[PDB]
S.K.: 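If you scroll down you'll find the structure; I have some questions about it.
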Amino acid sequence: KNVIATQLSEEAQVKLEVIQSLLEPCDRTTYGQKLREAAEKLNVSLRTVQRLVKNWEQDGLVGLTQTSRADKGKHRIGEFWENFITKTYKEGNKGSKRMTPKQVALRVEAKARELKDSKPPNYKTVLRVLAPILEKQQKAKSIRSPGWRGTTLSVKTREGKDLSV
Amino acid sequence: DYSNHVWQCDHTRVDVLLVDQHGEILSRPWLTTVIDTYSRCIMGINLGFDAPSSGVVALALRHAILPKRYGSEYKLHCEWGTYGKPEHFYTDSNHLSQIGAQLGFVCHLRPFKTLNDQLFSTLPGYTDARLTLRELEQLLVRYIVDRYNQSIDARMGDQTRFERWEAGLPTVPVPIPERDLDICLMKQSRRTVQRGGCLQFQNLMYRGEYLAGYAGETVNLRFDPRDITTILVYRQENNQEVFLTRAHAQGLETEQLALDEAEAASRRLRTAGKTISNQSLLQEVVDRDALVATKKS
Amino acid sequence: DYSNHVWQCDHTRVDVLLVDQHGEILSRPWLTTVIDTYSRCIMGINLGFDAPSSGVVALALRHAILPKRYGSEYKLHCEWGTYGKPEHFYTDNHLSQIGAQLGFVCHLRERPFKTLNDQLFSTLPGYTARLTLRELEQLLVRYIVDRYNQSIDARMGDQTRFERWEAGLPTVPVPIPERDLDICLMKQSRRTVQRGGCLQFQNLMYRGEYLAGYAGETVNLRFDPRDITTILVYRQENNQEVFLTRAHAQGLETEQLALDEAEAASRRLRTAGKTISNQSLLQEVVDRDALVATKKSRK
DNA sequence: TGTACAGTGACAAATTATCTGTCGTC
DNA sequence: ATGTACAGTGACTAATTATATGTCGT
């Protein structure tokens with residue numbers, strides 16, 4: 001479905017400024033020089049303008065505006081440690097236990113030593129691993145209820161019978 | 001050279017004052033219209049109390065390029081049918097440039113007196129205001145299409161301007177998908193999703209198809225100021241706004257509702273609350289303190 | 001042309017390896033200076049491990065503009081009298097603003113090094129591990145003036161390098177107070193004023209005449225890394241920044257500490273704390289959890 | 001001059017995604 | 001489909017009014 005560009009940075013506006021100039025209908029006898037007069041203001045070689053117009057047609061304004069790397073938000077400690085961190089925090093916060101990340105990292109240190117792993121994760125990674133989990137556990141406090149609207153009303157009896165009022 | 005090459009966009013302010021559903025005096029609306037160059041055909045219009053900023057023109061683009069669906073209340077004779085992606089567009093902020101770019105047509109921005117000459121300039125409250133904005137929407141699409149567009153042109157009077165435009169399209173006018181033309185809509189932002197995927201908008205309440213997955217999150221809305229009965233919701237990201245779902249107005253008493261009507265509903269609801277006297281509710285405040293002024297520990 | 005007319009900045013990277021005030025190897029410094037292109041004398045000079053950059057260039061420019069002085073351990077026989085703005089400063093955007101503030105032209109895009117590099121530094125036991133950046137001060141700031149600038153070139157009027165300087169003025173500079181150009185100093189974006197006007201910086205604590213009224217507010221510091229024993233506290237306005245107070249380090253043994261020494265001092269605390277034989281200490285955590293997991297619920 | 005630990009900002013070191021060349025027939 | 005609803009918020013907008021401008025001035 002539709003992807004809308006917003007918050008275009010100024011170099012993306014520069015990309016727009018060439019695209020809005022290349023939008024003048026052209027042919028091979030005109031594309032080459034009307035591209036080159038843009039390449040000089042892009043200050044980069046013609047083939048990049050070709051990939052720019054390629055991506056512009058391929059995706060629109062969100063094609064000329066760069067997309068974050070496939071690695072963003074994904075850790076390099078790997079699948080074992082990503083689990084073990086999150087496993088350990090999760091078990092430490094059921095019942096009234098309230099194991100915070102530092103105590104998890106102290107478990108991670110113990111685990112690597114007994115695993116004979118010479119490179120345990122640093123506490124900053126462990127805190128970054130749990131940061132989205134902590135935020136998901138936070139959001140649950142805020143979720144608003146729409147409430148009843150207008151004149152029509154009923155009340156929810158524990159008999160399961162909604163008594164109209 | 002051909003018709004449908006360059007599309008003109010024009011503005012005026014209609015010297016007819018209007019009255020609201022509950023009797024409030026409305027303003028005088030601005031009229032914006034999209035017309036051919038080489039035909040005199042009218043292909044897009046928007047009318048309202050919004051100033052002729054980028055707003056009313058961005059909608060008047062959307063008006064033309066989509067299939068011209070129409071309602072029975074218009075009592076239309078003719079199908080307008082003027083779909084087609086433009087290729088050049090011409091007007092009196094920059095946002096028009098982003099639309100032109102994304103839709104792939106050059107925007108190179110810098111005749112309404114036909115309706116000043118016509119009896120349109122003599123309806124009540126022209127120049128008792130016994131008309132309203134929905135009545136103009138129904139009548140004006142008719143009185144333009146069935147009469148001011150379908151008639152013989154002032155010069156080159158061998159063709160009606162619609163038919164001069166219709167035959168002159170270099171091939172056939174091609175409609176394009178609706179949902180890709182959301183950029184032309186209005187925008188509202190940082191709305192918050194309530195339990196079950198619910199949203200408030202213009203004192204009305206809304207609900208989405210899959211929006212319940214993002215309760216407690218925040219989302220943006222886009223809409224037409226012509227029927228807010230369903231409005232498009234998108235999830236905000238760092239440099240992308242992705243369409244999520246439609247959301248449907250709930251509890252409204254009609255099948256259609258213009259934005260002006262939500263303003264009027266609120267304004268009547270608000271103006272009722274303003275008439276209530278606080279005289280009791282106020283005097284008790286000073287009397288509570290005058291009592292407590294006697295307290296000493 | 002004149003001794004205040006045209007000053008040129010220069011830089012060098014030193015060929016000596018340094019040890020801290022305890023005995024561990026640090027690096028080989030960067031070195032930078034400005035030279036009056038009229039008199040050809042080495043004046044304002046900075047030395048340290050921070051690499052040449054607009055902050056370092058601006059810091060050496062303060063070292064040129066401000067009247068030079070020495071501590072009671074030097075009291076050196078030769079001294080710079082250099083001070084004042086040039087009409088033009090050469091180092092061939094931040095350097096534009098200092099010129100626009102002080103009112104001198106900024107240009108950016110014969111040099112003396114061998115008189116120290118080959119003649120002196122190559123002779124030291126630590127030439128390219130047994131002398132310190134407190135010592136490599138005088139081993140430059142003495143010899144650069146007590147020998148190099150005190151030398152005479154007949155190529156330029158047969159006078160000592162600085163005699164041409166103090167002779168060659170169309171109007172002799174007045175000295176500039178230290179308060180007039182803190183813009184050359186370092187910057188700290190946020191610091192919080194603790195109770196009683198105390199402020200932590202570089203693991204030290206500072207207090208100053210009026211700072212306690214700002215307790216629980218945020219202030220900016222500017223400081224000179226050659227001795228952090230004073231720091232300057234600044235309060236930010238809507239679009240201005242006003243000099244708030246000086247501040248003085250509490251509890252120092254000797255009132256001379258440089259930024260480099262404070263880092264190496266704090267690196268002692270860090271290395272000491274990191275020395276714990278913690279592996280015998282982990283046994284508590286795993287056996288505490290094993291005990292709690294051995295307790296199954298009653299139902 | 002309370003005490004001082006868990007969390008956090010600004011940064012450097014390391015990893016590695018991907019985008020920029022000189023190019024080849026199209 | 002719908003807990004409740006008030007105090008505090010944001011995103012503008014009408015009115016104020018501090019003060020930047022363009023010309024003359026000496």
Side-chain angles (χ1 to χ4, degrees), chain A residues 2-25 38 53 56-57 59-65, chain B residues 4-13 29-37 41-66 82-112 175-189 220-226 232 234 239-241 243 259:
Chain A
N2 193 7
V3 183
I4 298 175
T6 195
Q7 317 319 109
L8 285 76
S9 302
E10 302 311 321
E11 83 298 336
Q13 187 267 14
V14 169
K15 257 73 83 168
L16 172 63
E17 279 287 296
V18 296
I19 286 294
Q20 66 86 53
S21 77
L22 267 71
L23 191 58
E24 178 82 318
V53 299
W56 147 258
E57 288 297 328
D59 292 292
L61 295 181
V62 297
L64 62 78
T65 311
Chain B
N4 209 77
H5 182 194
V6 180
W7 300 46
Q8 292 179 348
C9 188
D10 294 327
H11 308 291
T12 193
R13 205 289 306 288
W30 286 272
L31 174 289
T32 294
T33 181
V34 172
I35 69 176
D36 186 35
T37 34
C41 182
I42 307 90
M43 307 93 73
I45 181 169
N46 280 114
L47 179 146
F49 307 109
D50 198 12
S53 71
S54 184
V56 73
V57 50
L59 297 167
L61 278 171
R62 202 180 192 267
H63 187 106
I65 182 167
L66 286 326
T82 63
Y83 45 41
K85 178 246 174 73
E87 63 190 58
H88 283 252
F89 183 67
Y90 197 24
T91 85
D92 286 354
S93 73
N94 57 72
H95 181 64
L96 298 93
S97 183
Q98 290 86 334
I99 294 172
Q102 178 64 5
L103 304 190
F105 65 76
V106 174
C107 187
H108 63 70
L109 74 177
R110 276 76 78 162
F112 65 85
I176 67 168
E178 181 190 316
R179 195 54 57 240
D180 297 0
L181 306 194
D182 282 357
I183 300 194
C184 305
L185 296 176
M186 306 282 282
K187 167 63 96 71
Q188 262 290 2
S189 181
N220 302 324
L221 306 176
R222 297 187 188 249
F223 59 102
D224 313 59
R226 296 290 76 191
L232 300 311
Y234 315 78
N239 61 15
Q240 299 170 49
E241 168 173 279
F243 177 81
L259 186 80

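Numbers restart at 1 for each chain; the letters A, B, ... are given by sequence-line order, proteins then strands.
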S.K.: Show your working on side-chain contact (heavy atoms from CB on, under 4.5 Å) between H11(B) and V56(B) and close with a plain yes or no.
M.R.: CA-CA 9 Å; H11(B) 308 291; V56(B) 73; 4.2 Å; yes
S.K.: Sub-3.5 Å donor-acceptor pair from the side chain of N2(A) to the main-chain atoms of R179(B), do we have one?
M.R.: yes
S.K.: Checking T37(B) side chain against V6(B) main chain: does a donor-acceptor pair fall under 3.5 Å?
M.R.: yes
S.K.: Ring-plane angle category for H88(B) and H108(B), please: parallel below 30°, perpendicular beyond 60°, tilted otherwise.
M.R.: tilted
S.K.: Does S97(B) reach the side chain of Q13(A), with side-chain heavy atoms less than 4.5 Å apart?
M.R.: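 Counting from C-beta outward, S97(B) and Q13(A) never come under 4.5 Å.
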S.K.: Does the side-chain contact (heavy atoms from CB on, under 4.5 Å) test come out yes or no for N239(B) and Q7(A), once each step is laid out?
M.R.: CA-CA 6 Å; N239(B) 61 15; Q7(A) 317 319 109; 5.6 Å; no
S.K.: Can you check whether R110(B) reaches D92(B) side chain to side chain, under 4.5 Å on heavy atoms?
M.R.: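 In short, these two side chains touch, coming nearer than 4.5 Å.
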S.K.: What heavy-atom pair brings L66(B) and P177(B) nearest, and what distance separates the two atoms?
M.R.: CD1-O, 4.2 Å
S.K.: I'd like to check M43(B) versus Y83(B) (side-chain heavy atoms, cut-off strictly below 4.5 Å). Are they in contact?
M.R.: no
S.K.: For residues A58(B) and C184(B), report the shortest heavy-atom separation together with the two atoms involved.
M.R.: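 Taking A58(B) first and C184(B) second, the nearest heavy atoms are O-CB, 3.2 Å.
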S.K.: Would you indicate whether the side-chain heavy atoms of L61(A) and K15(A) approach each other to under 4.5 Å?
M.R.: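 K15(A) vs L61(A): side chains apart.
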S.K.: Ring-plane angle category for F243(B) and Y234(B), please: parallel below 30°, perpendicular beyond 60°, tilted otherwise.
M.R.: perpendicular
S.K.: Which is it for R222(B) and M186(B) under the side-chain contact (heavy atoms from CB on, under 4.5 Å) test, yes or no, and what are the steps along the way?
M.R.: CA-CA 5 Å; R222(B) 297 187 188 249; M186(B) 306 282 282; 5.9 Å; no
S.K.: Looking only at non-hydrogen atoms, find the nearest pair between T32(B) and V57(B) and report the distance.
M.R.: CG2-CA, 4.3 Å
S.K.: Which atom pair, heavy atoms only, marks the closest approach of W56(A) to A101(B)?
M.R.: CH2-O, 2.8 Å
S.K.: Can you check whether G44(B)'s main-chain N or O pairs, donor with acceptor, with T33(B)'s side chain at less than 3.5 Å?
M.R.: yes
S.K.: Sub-3.5 Å donor-acceptor pair from the side chain of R62(B) to the main-chain atoms of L181(B), do we have one?
M.R.: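 Pair found, side chain donor or acceptor close to backbone of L181(B).
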S.K.: So do the side chains of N220(B) and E241(B) get within less than 4.5 Å of each other, counting heavy atoms only?
M.R.: yes
S.K.: What closest approach, in Å, do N46(B) and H63(B) show between heavy atoms, and which atom pair accounts for it?
M.R.: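 Answer, listing the atom of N46(B) first, then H63(B): OD1-CB, 4.3 Å.
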S.K.: Taking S53(B) for its side chain and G55(B) for its backbone only, find out whether a donor-acceptor pair lies under 3.5 Å.
M.R.: yes
S.K.: Indicate yes or no: at least one non-hydrogen side-chain atom of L259(B) is less than 4.5 angstrom from one of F223(B).
M.R.: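 Contact flag for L259(B)/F223(B) side chains = yes.
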S.K.: Is there a side-chain contact (heavy atoms from CB on, under 4.5 Å) between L8(A) and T65(A)? Walk through the geometry before answering.
M.R.: CA-CA 7 Å; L8(A) 285 76; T65(A) 311; 4.2 Å; yes
S.K.: Does a side-chain heavy-atom distance below 4.5 Å link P225(B) with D50(B)?
M.R.: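 They are not in side-chain contact.
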S.K.: Which heavy atom of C9(B) sits nearest to which heavy atom of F89(B), and what is that distance?
M.R.: CB-CZ, 3.4 Å
S.K.: Would you say the side chain of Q102(B) lies within less than 4.5 Å of the side chain of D180(B), judging by non-hydrogen atoms?
M.R.: no
S.K.: Check whether any side-chain N or O of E24(A) sits under 3.5 Å from a backbone N or O of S21(A) as a donor-acceptor pair, and report yes or no.
M.R.: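 Flag not set: sc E24(A) to bb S21(A) has no pair under 3.5 Å.
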